[PDB]
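What follows is a single structure, written as structure tokens, with notes after it.
All heavy atoms count here, side chains included; hydrogens, waters and symmetry mates do not. Note that the numbering runs from 1 along the sequence shown for the chain. Note that ligands are numbered from 1 as they come in the structure, with each ligand's atoms numbered from 1 the same way.
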Amino acid sequence: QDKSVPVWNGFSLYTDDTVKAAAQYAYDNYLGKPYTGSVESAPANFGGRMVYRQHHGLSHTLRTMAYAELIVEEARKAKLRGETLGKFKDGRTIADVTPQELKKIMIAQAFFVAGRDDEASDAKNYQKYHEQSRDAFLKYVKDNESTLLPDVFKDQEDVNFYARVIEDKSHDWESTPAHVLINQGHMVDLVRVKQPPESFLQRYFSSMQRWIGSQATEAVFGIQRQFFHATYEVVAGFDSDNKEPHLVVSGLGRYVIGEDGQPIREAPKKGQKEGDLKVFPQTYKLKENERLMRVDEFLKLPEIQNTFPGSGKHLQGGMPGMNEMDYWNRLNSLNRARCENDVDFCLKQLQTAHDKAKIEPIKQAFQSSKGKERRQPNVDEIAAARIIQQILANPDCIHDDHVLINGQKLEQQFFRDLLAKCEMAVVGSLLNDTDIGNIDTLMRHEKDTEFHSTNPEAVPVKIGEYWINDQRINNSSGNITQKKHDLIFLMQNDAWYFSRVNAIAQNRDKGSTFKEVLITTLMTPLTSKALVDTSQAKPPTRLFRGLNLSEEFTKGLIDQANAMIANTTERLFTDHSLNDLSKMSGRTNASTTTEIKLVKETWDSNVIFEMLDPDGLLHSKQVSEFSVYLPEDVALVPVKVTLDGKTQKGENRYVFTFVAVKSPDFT
Ligand SMILES: [Hg+2]
Ligand SMILES: [Hg+2]
Ligand SMILES: [Hg+2]
Ligand SMILES: [Hg+2]
Ligand SMILES: [Hg+2]
Ligand SMILES: [Hg+2]
Ligand SMILES: [Hg+2]
Ligand SMILES: [Hg+2]
Ligand SMILES: [Hg+2]
Ligand SMILES: [Hg+2]
């Protein structure tokens, strides 16, 4: 076996302009148009906007194209792990598809159902609609020969073949990657809707598995679920205990259980311990003591259980961590209609989901370290936060020497008690932005309240006026993050304020009025909250580092990246359990930048490390340029390798993309 795979050239559905434009034309000219036929063709309304083709529309189409990218990706990975994939007649496998091929396929995919006039499913209409699809495709190419011509499709003959795949006449069927990726991506999109779902899933699975193997096939179906979430469509449950009749998908038939209580089988061919399961039509009349095989019975058959990882499993439907009511609303949202009518938006959703799906399995592969633990607020602190919020919101409760709020008279000592005994950072974490906004409320009411420095000769200041004027001029839009900033500023800079506040907060003040005590009690937790909510300084999410490597050495590192990438797959039913690369990517260093142009145009680096830091695990420091430290327990795990053109001299330029991950297991 040869586990070689050629290096990808950067091609993707999400970033190629030709493909995008092909989908856009498919939308504008076909998929976004009302159906003109009568079969099950009513437009559907999602959050108030119409989706004219909710089954075979834009989102469906784009999903089929994302599936092609995902299938080829998981096939390549399977070949790299050393598995033996199904072969076409020419000896190729799906792991051998090139970017130039996949791009022709995606463009063809864009028009695969453009030709449908409604949802009629009989064969005379299938054929007409696929002829109409073919014409659409061929019109597209004619109108764009110039750019598509030599550059995407070799010649008309090449164009004519993809046109034939779309037309899908049986006498044109071949085992080719185009034929198979197109039919497969198309049919797997039905998992979202068809019932019983266990029946359809096992069929579609077993049909993919023969091309790409079982572990890849789990990845493709696992990720598909995320694509459905991303495009605001239903994610189906999977129950291995489902009691309804099994549906024999091809032929829409059934299996029958006889009087013995056993499935009826065809006489056994030789070297078969048991005969083939006899497929009956739905018009077959059941005898007495005869019934249909249930889904659960089916999945428990040794021949299915031997071969399908979903036997004995369960997948909850919908979305992990949402209500039914929210989930239902999410499916019925404007976001569904946007996906269905806006190419850019829908591609972006799938993109984001596809990128996340490469990182998430890399995270599940290691014990994440236990984040810090935190005491709950005690009842006093919750009560302190309540009463501050109420005072802020109802400042007319504030009088010269006390607050009167819930039948009680709150005097000076009460607020000093809050400061002495509640932990004000904790109090401050119970407070919210509406509370920050009510600083204005308080300050308006207290406009001429005098706030006195600890300096006896200082002029008393009118804090409310101070606050309020300053906010009208410099934060007139009422912007709340900015109020946080301004409140910190006041605490840091104006000693007439901070001196009295700190003196009271430390119980060593002298000649403090009641209002000063009160105001100190209110502002201190708010200021705490402000520091905290504005000091969340985020490390950049995406960095680039430039290197200058012999192409030989580079190939070394490719083989190692391929080997880590190939071993991490999204699962569906089954589980999970230091290189030249890990040393090289990991060493602390200074030729880093957030600007890709720096790395390419200016430095002309022939090898680029792209570092993704979604979780901000990388200690970095600016020397555009930058220097990066890897915490001991943080590792850069490869996610992707590709050829990204050439340098100015003409040498191949490679990009290795890594993701920063935190684990005890590293150190
Ligand atoms: Hg429908
Ligand atoms: Hg179909
Ligand atoms: Hg279940
Ligand atoms: Hg089960
Ligand atoms: Hg008042
Ligand atoms: Hg009151
Ligand atoms: Hg009052
Ligand atoms: Hg307290
Ligand atoms: Hg004074
Ligand atoms: Hg600030």
Side-chain angles (χ1 to χ4, degrees), residues 191 195-202 205 221-222 225 234-244 246 294-300 304-305 308-320 324 375-431 435 438 441-449 464 504-507 514-515 517-529 571-574:
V191 161
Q195 311 230 289
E198 298 85 6
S199 289
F200 285 86
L201 172 58
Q202 183 278 337
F205 193 105
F221 283 96
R225 281 161 92 270
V234 171
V235 170
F238 179 98
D239 191 347
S240 64
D241 297 331
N242 188 359
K243 256 62 160 80
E244 78 173 289
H246 175 66
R294 303 186 301 273
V295 169
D296 68 334
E297 281 178 291
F298 177 71
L299 291 171
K300 278 170 149 62
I304 304 311
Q305 199 183 148
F308 170 68
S311 294
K313 307 301 166 156
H314 308 266
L315 302 166
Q316 185 134 110
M319 181 145 317
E324 324 184 73
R375 70 169 182 82
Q376 296 168 42
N378 62 40
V379 289
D380 292 328
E381 295 166 328
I382 285 155
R386 284 237 130 236
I387 214 155
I388 291 170
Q389 289 179 314
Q390 286 174 57
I391 292 169
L392 291 168
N394 300 96
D396 297 312
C397 309
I398 302 160
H399 299 249
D400 276 337
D401 260 349
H402 46 254
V403 172
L404 319 171
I405 208 139
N406 324 278
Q408 298 174 245
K409 197 230 292 289
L410 309 174
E411 269 157 335
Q412 213 196 78
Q413 195 58 46
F414 171 87
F415 297 92
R416 295 193 180 274
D417 283 337
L418 284 205
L419 294 166
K421 297 203 172 82
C422 283
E423 192 168 333
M424 298 314 300
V426 178
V427 175
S429 65
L430 302 162
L431 304 178
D435 304 322
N438 275 336
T441 307
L442 164 81
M443 285 308 165
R444 268 186 257 99
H445 171 264
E446 291 299 287
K447 167 281 223 255
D448 46 71
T449 299
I504 283 155
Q506 288 156 42
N507 205 14
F514 169 78
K515 298 286 191 89
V517 176
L518 176 57
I519 279 156
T520 296
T521 310
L522 305 177
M523 297 292 263
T524 286
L526 286 164
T527 300
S528 183
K529 168 172 180 51
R571 299 304 197 156
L572 181 68
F573 300 125
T574 55

For this session: Just give me the atom name: the N, O or S atom of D396 closest to the Hg ion (ligand 7).
Result: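 It is O of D396.
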Problem set entry | Over 12 foreign heavy atoms within 6.0 Å of CD, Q316 |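 No, because the 6.0 Å sphere around CD of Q316 holds 12 heavy atoms or fewer from other groups.
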Exercise. Taking everything shown except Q376 itself, do over 12 heavy atoms lie less than 6.0 Å from its CD?
Worked result: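 For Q376, atom CD is not crowded (no more than 12 foreign heavy atoms under 6.0 Å).
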For this session: Could you count the protein N, O or S atoms found under 3.0 Å away from the Hg ion (ligand 3)?
Result: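 Total protein N/O/S atoms under 3.0 Å from the Hg ion (ligand 3): 1.
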For this session: Looking only at non-hydrogen atoms, find the nearest pair between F200 and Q195 and report the distance.
Result: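 Nearest heavy atoms, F200 then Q195: CE1-O, 3.3 Å.
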Problem set entry | Non-hydrogen atoms of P197 and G237 that approach each other most closely |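 Answer, listing the atom of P197 first, then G237: CG-O, 3.7 Å.
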Problem set entry | Short N/O/S contact of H399 with the Hg ion (ligand 7) (below 3.0 Å) |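 So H399 does bind the Hg ion (ligand 7) by this criterion.
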For this session: Under the side-chain hydrogen bond (donor to acceptor under 3.5 Å, both in side chains) rule, collect the residues that match up with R416, sequence neighbours excluded.
Result: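 Counting only residues at least two positions away or on another chain, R416 forms a side-chain hydrogen bond (donor to acceptor under 3.5 Å, both in side chains) with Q412, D509.
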Between [X] and [Y], is there a donor-acceptor pair closer than 3.5 Å when you use the side chain of the first and the backbone of the second?
{"X": "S311", "Y": "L299", "answer": "yes"}
{"X": "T524", "Y": "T520", "answer": "yes"}
{"X": "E381", "Y": "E423", "answer": "yes"}

Exercise. Which of parallel (below 30°), tilted (30 to 60°) and perpendicular (above 60°) describes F308 and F205?
Worked result: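 Perpendicular.
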Exercise. What pairs of residues pass the side chain to side chain donor-acceptor pair (under 3.5 Å) test when at least one of them lies in residues 391-405, not counting sequence neighbours?
Worked result: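 Matches after skipping sequence neighbours: none remain.
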Exercise. Under 3.0 Å from the Hg ion (ligand 8), how many protein N, O or S atoms can be found?
Worked result: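 There are 1 of them.
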